[PDB]
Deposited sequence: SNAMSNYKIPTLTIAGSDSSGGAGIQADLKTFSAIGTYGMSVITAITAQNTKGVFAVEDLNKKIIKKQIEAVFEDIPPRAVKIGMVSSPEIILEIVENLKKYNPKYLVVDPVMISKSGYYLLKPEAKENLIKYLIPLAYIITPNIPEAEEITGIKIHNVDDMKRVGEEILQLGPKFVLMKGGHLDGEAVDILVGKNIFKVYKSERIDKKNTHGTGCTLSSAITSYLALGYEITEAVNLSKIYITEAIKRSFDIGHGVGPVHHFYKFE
C-alpha cells in the first residue's frame, strides 16, 4: 500500500519528507517521496534552504505515479510558487484518490506561493490540516476561540476541501459537510492521516487513530 509525500527535505528529521516517511513506516504503508527542496536545519536554526530544479521534481513525480500509484498523497511545505503549480498540474494528471494538504508556513511564505496554494492546491484536497496562523493567512480572519476555529474551518470548506482539520494551540476541530469533531490536543499528524486514509479508514476514524499514534511518539 503506497503513500507518497511531496515536500522538502529536513536534515534534522523533525519535519518534511523524513518525518512523513518515518510515520508511514511506523503505521504500515509503503513510503515514497518527491523531494522539492533541501534544507539544512536543527533545533538552533536554519543553515540553508535550497529548491530543487523543476525537471528533477517532474521526473520524481513520473517515477512514483507511473509504476505502483500511491493510494494517498500528502503535500507538505512547498515554498516555490512555480513548484506548487507543477505539483497541481501533475496531481490532476494522475488523480490520486486521497490528497492530504498540510499548508505549512512556519514564518516562511511567498505571496505568490500563498496565492497558488489557495487558488489551486487547496481545492483539490480531500483534507487540509492548517494550524491557526495558516487558517488566518488563508482566510484573512482572526481566530480567538473554538467558535472562530469552527467558523474559519467552514470558510475553508467553501474553497473545495472535503474536510478541514484545524489545529488549535488547546483543541483541534475536524469539520466536513455533515461532520464536526473536537479533539483535545504537526507533520506527523497529516502523514498519519494520509496513511490511515490509504489503509481504508473513514476520515473521522483516520483522525482518531492519528492522534492516538502521535501520543505514543
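- Residues of the deposited sequence lacking C-alpha coordinates, counted from 1, fall in the stretches 1-8, 115-119, 183-187, 204-214, 247-267.
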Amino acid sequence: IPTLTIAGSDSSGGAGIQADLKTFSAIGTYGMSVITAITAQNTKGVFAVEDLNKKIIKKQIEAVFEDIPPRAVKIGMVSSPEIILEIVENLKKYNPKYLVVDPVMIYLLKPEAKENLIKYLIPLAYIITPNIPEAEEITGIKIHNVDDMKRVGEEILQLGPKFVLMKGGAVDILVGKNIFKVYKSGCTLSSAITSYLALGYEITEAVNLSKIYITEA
From here on, numbers count along this sequence of modelled residues.
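- Annotation for 23-31 versus 41-49: the higher mean temperature factor (C-alpha) is found in 41-49.
- Per-stretch averaging of Cα B factors for 125-133 and 142-150 places 142-150 on top.
- Note on the listed residues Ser185, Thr36, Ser190, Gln60: the highest Cα temperature factor in the record is that of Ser185.
- The maximum CA B-factor among the listed residues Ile106, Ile118, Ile75, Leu91, taken from the PDB record, is found at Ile106.
- In the deposited entry, the Cα temperature factor of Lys114 sits in the bottom third of values across the chain's modelled residues.
- Among the modelled residues of its chain, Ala206 has a C-alpha B-factor that falls in the highest third according to the deposited record.
- Looking at the C-alpha B-factors along this chain, the one for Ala198 belongs to the middle third.
- Ranked against the other modelled residues of its chain, the C-alpha B-factor of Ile68 as given in the entry falls in the highest third.
- Ranked by Cα temperature factor within the chain, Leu174 sits in the middle third according to the deposited record.
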